[PDB]
file entry-v7.cif (mmCIF, C-alpha atoms)
data_work
loop_
_atom_site.label_atom_id
_atom_site.label_comp_id
_atom_site.auth_asym_id
_atom_site.auth_seq_id
_atom_site.Cartn_x
_atom_site.Cartn_y
_atom_site.Cartn_z
CA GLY A 1 79.12 228.90 81.86
CA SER A 2 78.24 225.14 81.71
CA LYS A 3 77.73 225.19 77.84
CA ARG A 4 80.86 222.96 77.23
CA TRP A 5 81.94 219.54 78.57
CA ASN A 6 83.86 219.47 81.91
CA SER A 7 87.45 220.81 81.33
CA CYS A 8 90.32 220.84 83.87
CA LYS A 9 92.30 224.17 84.17
CA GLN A 10 93.90 223.58 87.66
CA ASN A 11 95.47 227.14 87.62
CA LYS A 12 97.94 227.33 84.59
CA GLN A 13 97.74 226.60 80.81
CA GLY A 14 101.45 225.54 80.44
CA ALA A 15 103.40 225.76 83.76
CA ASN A 16 107.05 226.17 82.54
CA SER A 17 105.78 224.41 79.32
CA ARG A 18 103.10 225.36 76.64
CA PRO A 19 99.28 224.85 76.14
CA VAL A 20 99.47 222.60 73.01
CA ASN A 21 102.08 223.28 70.26
CA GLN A 22 103.18 226.95 70.07
CA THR A 23 105.23 226.80 66.78
CA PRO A 24 105.38 228.64 63.37
CA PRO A 25 102.85 227.84 60.53
CA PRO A 26 104.11 224.63 58.73
CA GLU A 27 102.30 224.56 55.30
CA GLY A 28 99.16 226.74 55.85
CA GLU A 29 96.09 226.95 58.15
CA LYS A 30 94.46 223.83 59.79
CA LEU A 31 90.73 224.80 59.63
CA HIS A 32 88.89 223.97 56.35
CA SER A 33 92.25 222.74 54.82
CA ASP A 34 91.78 218.90 54.58
CA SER A 35 88.60 216.95 55.60
CA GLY A 36 88.49 213.60 57.51
CA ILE A 37 91.08 214.42 60.28
CA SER A 38 89.05 212.38 62.87
CA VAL A 39 88.89 209.01 60.97
CA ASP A 40 87.54 209.54 57.38
CA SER A 41 91.19 210.31 56.31
CA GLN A 42 93.14 209.35 59.51
CA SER A 43 96.74 210.72 59.07
CA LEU A 44 99.93 208.55 59.25
CA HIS A 45 101.49 210.53 62.20
CA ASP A 46 100.22 213.62 64.18
CA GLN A 47 98.57 212.42 67.48
CA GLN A 48 99.23 209.77 70.21
CA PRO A 49 97.04 206.75 69.04
CA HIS A 50 98.35 204.79 72.13
CA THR A 51 94.96 202.99 72.80
CA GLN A 52 91.52 202.53 71.12
CA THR A 53 89.35 202.79 74.33
CA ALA A 54 89.28 202.91 78.20
CA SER A 55 91.40 206.04 79.11
CA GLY A 56 92.53 204.49 82.47
CA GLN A 57 90.32 205.53 85.45
CA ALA A 58 87.45 206.73 83.10
CA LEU A 59 89.19 210.12 82.27
CA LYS A 60 92.95 209.82 83.16
CA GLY A 61 94.73 207.50 85.69
CA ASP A 62 97.49 204.82 85.40
CA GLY B 1 94.99 210.84 91.80
CA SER B 2 98.34 212.25 93.10
CA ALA B 3 99.64 214.53 95.94
CA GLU B 4 103.37 215.57 95.79
CA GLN B 5 105.68 218.41 94.57
CA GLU B 6 105.46 219.18 90.78
CA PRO B 7 102.64 216.57 90.19
CA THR B 8 101.53 215.01 86.83
CA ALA B 9 98.31 217.09 87.14
CA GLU B 10 100.45 220.22 86.28
CA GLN B 11 100.88 218.96 82.66
CA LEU B 12 97.16 217.91 82.49
CA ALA B 13 96.24 221.49 83.69
CA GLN B 14 96.60 222.37 79.94
CA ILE B 15 93.17 220.63 79.23
CA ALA B 16 91.23 223.97 79.41
CA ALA B 17 93.49 225.47 76.66
CA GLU B 18 93.81 222.18 74.64
CA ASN B 19 90.40 222.71 72.91
CA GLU B 20 89.52 226.40 73.56
CA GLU B 21 92.80 227.62 71.90
CA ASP B 22 91.15 226.55 68.61
CA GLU B 23 87.35 227.29 68.61
CA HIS B 24 87.84 230.59 70.58
CA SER B 25 91.37 231.49 69.23
CA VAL B 26 91.59 230.90 65.40
CA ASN B 27 88.99 233.75 65.24
CA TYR B 28 91.30 236.04 67.38
CA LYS B 29 94.91 235.12 66.24
CA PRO B 30 96.63 233.16 63.36
CA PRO B 31 97.27 229.33 63.41
CA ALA B 32 100.36 229.15 65.70
CA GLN B 33 99.11 227.91 69.18
CA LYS B 34 98.71 224.38 67.65
CA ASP B 35 100.73 223.25 64.57
CA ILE B 36 98.66 220.00 64.75
CA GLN B 37 94.83 219.58 64.65
CA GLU B 38 94.19 215.83 65.28
CA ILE B 39 94.74 216.27 69.10
CA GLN B 40 91.54 218.37 69.49
CA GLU B 41 89.38 216.72 66.75
CA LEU B 42 89.88 213.29 68.45
CA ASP B 43 86.79 214.37 70.51
CA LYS B 44 84.53 213.88 67.41
CA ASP B 45 84.06 210.64 65.33
CA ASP B 46 87.33 208.90 66.45
CA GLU B 47 88.29 208.62 70.19
CA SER B 48 86.49 210.94 72.74
CA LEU B 49 88.81 209.65 75.56
CA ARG B 50 92.42 209.47 74.12
CA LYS B 51 92.38 213.32 74.00
CA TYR B 52 92.29 213.71 77.82
CA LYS B 53 95.55 211.66 78.16
CA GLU B 54 97.46 213.42 75.30
CA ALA B 55 97.68 216.65 77.45
CA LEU B 56 100.23 214.65 79.58
CA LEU B 57 101.35 211.86 77.13
CA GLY B 58 102.59 214.16 74.31
CA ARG B 59 101.50 217.87 74.63
CA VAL B 60 102.80 218.83 71.13
CA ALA B 61 101.85 215.67 69.10
#

call {"tool": "encode", "arguments": {"input": "entry-v7.cif", "output": "structure tokens"}}
result
Amino acid sequence: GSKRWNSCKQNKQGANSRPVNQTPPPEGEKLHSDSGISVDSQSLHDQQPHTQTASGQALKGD
Amino acid sequence: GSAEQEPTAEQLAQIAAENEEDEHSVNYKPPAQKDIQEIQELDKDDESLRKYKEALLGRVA
């Protein structure tokens, strides 16, 4: 149902790959463990901070 | 915007799992589908557009 934002599935969630990062628990859980993950306590390294704005052709395209 | 064998859209196909394998999965299985958490939470008060590229740019990090 249309309760979420528009999300691309194409047909497969990891075609000869993986969905996100299927790996063993590093130090503990992620939920309710350390606040500010967005920007209030922005971590040194974990994501791709490659640009601040304009994701190519308004969603993805390069 | 591509049309060839094994296209870049086949990595970006992960976008449906990239968010839903937290908010509909940490309730059903332990924290193992995503060792990181910044990739999904980017959608909130940081960068609601970088997230859609990460599913191709760096699936794991």

call {"tool": "residues_around", "arguments": {"input": "entry-v7.cif", "residues": "residue 20 in chain A", "least_positions_apart": "4", "cutoff": "7 Å", "atoms": "all atoms listed in the file", "output": "count of residues only"}}
result
5

call {"tool": "resolve_selection", "arguments": {"input": "entry-v7.cif", "expression": "the PyMOL selection byres ((chain A) within 6 of (chain B))", "output": "ChimeraX atom specification"}}
result
/A:7-10,13-14,19-25,29,38-39,46-47,55,60

call {"tool": "atom_distance", "arguments": {"input": "entry-v7.cif", "atom1": "CA of residue 8 in chain B", "atom2": "CA of residue 18 in chain A"}}
result
14.6 Å

call {"tool": "atom_distance", "arguments": {"input": "entry-v7.cif", "atom1": "CA of residue 45 in chain A", "atom2": "CA of residue 32 in chain A"}}
result
19.3 Å

call {"tool": "atom_distance", "arguments": {"input": "entry-v7.cif", "atom1": "CA of residue 24 in chain B", "atom2": "CA of residue 6 in chain A"}}
result
16.4 Å

call {"tool": "build_atoms", "arguments": {"input": "entry-v7.cif", "residues": "range 21-44 of chain B", "atoms": "N, CA, C and O atoms", "output": "PDB file, keeping the file's coordinate frame"}}
result
ATOM      1  N   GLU B  21      91.811 226.974  72.784  1.00  0.00           N
ATOM      2  CA  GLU B  21      92.800 227.620  71.900  1.00  0.00           C
ATOM      3  C   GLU B  21      92.694 227.188  70.417  1.00  0.00           C
ATOM      4  O   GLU B  21      93.598 227.441  69.624  1.00  0.00           O
ATOM      5  N   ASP B  22      91.579 226.573  70.008  1.00  0.00           N
ATOM      6  CA  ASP B  22      91.150 226.550  68.610  1.00  0.00           C
ATOM      7  C   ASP B  22      89.831 227.317  68.423  1.00  0.00           C
ATOM      8  O   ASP B  22      89.849 228.433  67.903  1.00  0.00           O
ATOM      9  N   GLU B  23      88.704 226.776  68.907  1.00  0.00           N
ATOM     10  CA  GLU B  23      87.350 227.290  68.610  1.00  0.00           C
ATOM     11  C   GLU B  23      87.051 228.705  69.139  1.00  0.00           C
ATOM     12  O   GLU B  23      86.063 229.323  68.733  1.00  0.00           O
ATOM     13  N   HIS B  24      87.913 229.238  70.010  1.00  0.00           N
ATOM     14  CA  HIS B  24      87.840 230.590  70.580  1.00  0.00           C
ATOM     15  C   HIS B  24      89.180 231.349  70.413  1.00  0.00           C
ATOM     16  O   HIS B  24      89.455 232.312  71.134  1.00  0.00           O
ATOM     17  N   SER B  25      90.027 230.922  69.463  1.00  0.00           N
ATOM     18  CA  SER B  25      91.370 231.490  69.230  1.00  0.00           C
ATOM     19  C   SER B  25      91.739 231.641  67.756  1.00  0.00           C
ATOM     20  O   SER B  25      92.279 232.683  67.395  1.00  0.00           O
ATOM     21  N   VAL B  26      91.369 230.714  66.856  1.00  0.00           N
ATOM     22  CA  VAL B  26      91.590 230.900  65.400  1.00  0.00           C
ATOM     23  C   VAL B  26      90.822 232.107  64.823  1.00  0.00           C
ATOM     24  O   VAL B  26      91.210 232.674  63.801  1.00  0.00           O
ATOM     25  N   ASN B  27      89.752 232.529  65.508  1.00  0.00           N
ATOM     26  CA  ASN B  27      88.990 233.750  65.240  1.00  0.00           C
ATOM     27  C   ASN B  27      89.668 235.048  65.766  1.00  0.00           C
ATOM     28  O   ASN B  27      89.289 236.149  65.359  1.00  0.00           O
ATOM     29  N   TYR B  28      90.669 234.928  66.648  1.00  0.00           N
ATOM     30  CA  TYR B  28      91.300 236.040  67.380  1.00  0.00           C
ATOM     31  C   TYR B  28      92.805 236.214  67.065  1.00  0.00           C
ATOM     32  O   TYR B  28      93.339 237.316  67.222  1.00  0.00           O
ATOM     33  N   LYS B  29      93.480 235.154  66.603  1.00  0.00           N
ATOM     34  CA  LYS B  29      94.910 235.120  66.240  1.00  0.00           C
ATOM     35  C   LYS B  29      95.201 234.023  65.191  1.00  0.00           C
ATOM     36  O   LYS B  29      94.412 233.082  65.066  1.00  0.00           O
ATOM     37  N   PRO B  30      96.301 234.128  64.414  1.00  0.00           N
ATOM     38  CA  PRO B  30      96.630 233.160  63.360  1.00  0.00           C
ATOM     39  C   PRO B  30      96.975 231.754  63.906  1.00  0.00           C
ATOM     40  O   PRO B  30      97.258 231.599  65.098  1.00  0.00           O
ATOM     41  N   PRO B  31      96.977 230.715  63.043  1.00  0.00           N
ATOM     42  CA  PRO B  31      97.270 229.330  63.410  1.00  0.00           C
ATOM     43  C   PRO B  31      98.738 229.111  63.820  1.00  0.00           C
ATOM     44  O   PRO B  31      99.593 228.777  62.994  1.00  0.00           O
ATOM     45  N   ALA B  32      99.023 229.300  65.113  1.00  0.00           N
ATOM     46  CA  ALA B  32     100.360 229.150  65.700  1.00  0.00           C
ATOM     47  C   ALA B  32     100.361 228.477  67.095  1.00  0.00           C
ATOM     48  O   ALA B  32     101.341 227.830  67.453  1.00  0.00           O
ATOM     49  N   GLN B  33      99.271 228.571  67.870  1.00  0.00           N
ATOM     50  CA  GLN B  33      99.110 227.910  69.180  1.00  0.00           C
ATOM     51  C   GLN B  33      99.089 226.369  69.107  1.00  0.00           C
ATOM     52  O   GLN B  33      99.355 225.692  70.105  1.00  0.00           O
ATOM     53  N   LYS B  34      98.772 225.817  67.930  1.00  0.00           N
ATOM     54  CA  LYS B  34      98.710 224.380  67.650  1.00  0.00           C
ATOM     55  C   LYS B  34      99.009 224.083  66.175  1.00  0.00           C
ATOM     56  O   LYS B  34      98.140 224.190  65.315  1.00  0.00           O
ATOM     57  N   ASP B  35     100.264 223.748  65.884  1.00  0.00           N
ATOM     58  CA  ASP B  35     100.730 223.250  64.570  1.00  0.00           C
ATOM     59  C   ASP B  35      99.949 222.020  64.070  1.00  0.00           C
ATOM     60  O   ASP B  35      99.682 221.901  62.872  1.00  0.00           O
ATOM     61  N   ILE B  36      99.536 221.146  64.992  1.00  0.00           N
ATOM     62  CA  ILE B  36      98.660 220.000  64.750  1.00  0.00           C
ATOM     63  C   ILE B  36      97.174 220.327  64.992  1.00  0.00           C
ATOM     64  O   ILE B  36      96.831 221.296  65.670  1.00  0.00           O
ATOM     65  N   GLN B  37      96.285 219.473  64.471  1.00  0.00           N
ATOM     66  CA  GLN B  37      94.830 219.580  64.650  1.00  0.00           C
ATOM     67  C   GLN B  37      94.144 218.265  65.057  1.00  0.00           C
ATOM     68  O   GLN B  37      93.011 218.294  65.536  1.00  0.00           O
ATOM     69  N   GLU B  38      94.806 217.111  64.919  1.00  0.00           N
ATOM     70  CA  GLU B  38      94.190 215.830  65.280  1.00  0.00           C
ATOM     71  C   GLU B  38      93.957 215.693  66.800  1.00  0.00           C
ATOM     72  O   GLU B  38      92.979 215.076  67.222  1.00  0.00           O
ATOM     73  N   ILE B  39      94.806 216.335  67.624  1.00  0.00           N
ATOM     74  CA  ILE B  39      94.740 216.270  69.100  1.00  0.00           C
ATOM     75  C   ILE B  39      93.385 216.722  69.649  1.00  0.00           C
ATOM     76  O   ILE B  39      92.836 216.085  70.541  1.00  0.00           O
ATOM     77  N   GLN B  40      92.817 217.786  69.074  1.00  0.00           N
ATOM     78  CA  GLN B  40      91.540 218.370  69.490  1.00  0.00           C
ATOM     79  C   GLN B  40      90.348 217.650  68.831  1.00  0.00           C
ATOM     80  O   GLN B  40      89.328 217.401  69.475  1.00  0.00           O
ATOM     81  N   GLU B  41      90.476 217.285  67.550  1.00  0.00           N
ATOM     82  CA  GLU B  41      89.380 216.720  66.750  1.00  0.00           C
ATOM     83  C   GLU B  41      89.122 215.234  67.062  1.00  0.00           C
ATOM     84  O   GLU B  41      88.045 214.720  66.760  1.00  0.00           O
ATOM     85  N   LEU B  42      90.051 214.577  67.772  1.00  0.00           N
ATOM     86  CA  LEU B  42      89.880 213.290  68.450  1.00  0.00           C
ATOM     87  C   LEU B  42      88.542 213.158  69.211  1.00  0.00           C
ATOM     88  O   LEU B  42      87.949 212.080  69.236  1.00  0.00           O
ATOM     89  N   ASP B  43      88.064 214.263  69.794  1.00  0.00           N
ATOM     90  CA  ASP B  43      86.790 214.370  70.510  1.00  0.00           C
ATOM     91  C   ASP B  43      85.550 213.965  69.685  1.00  0.00           C
ATOM     92  O   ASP B  43      84.550 213.515  70.252  1.00  0.00           O
ATOM     93  N   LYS B  44      85.614 214.150  68.361  1.00  0.00           N
ATOM     94  CA  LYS B  44      84.530 213.880  67.410  1.00  0.00           C
ATOM     95  C   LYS B  44      84.477 212.375  67.071  1.00  0.00           C
ATOM     96  O   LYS B  44      84.667 211.528  67.945  1.00  0.00           O
TER      97      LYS B  44
END
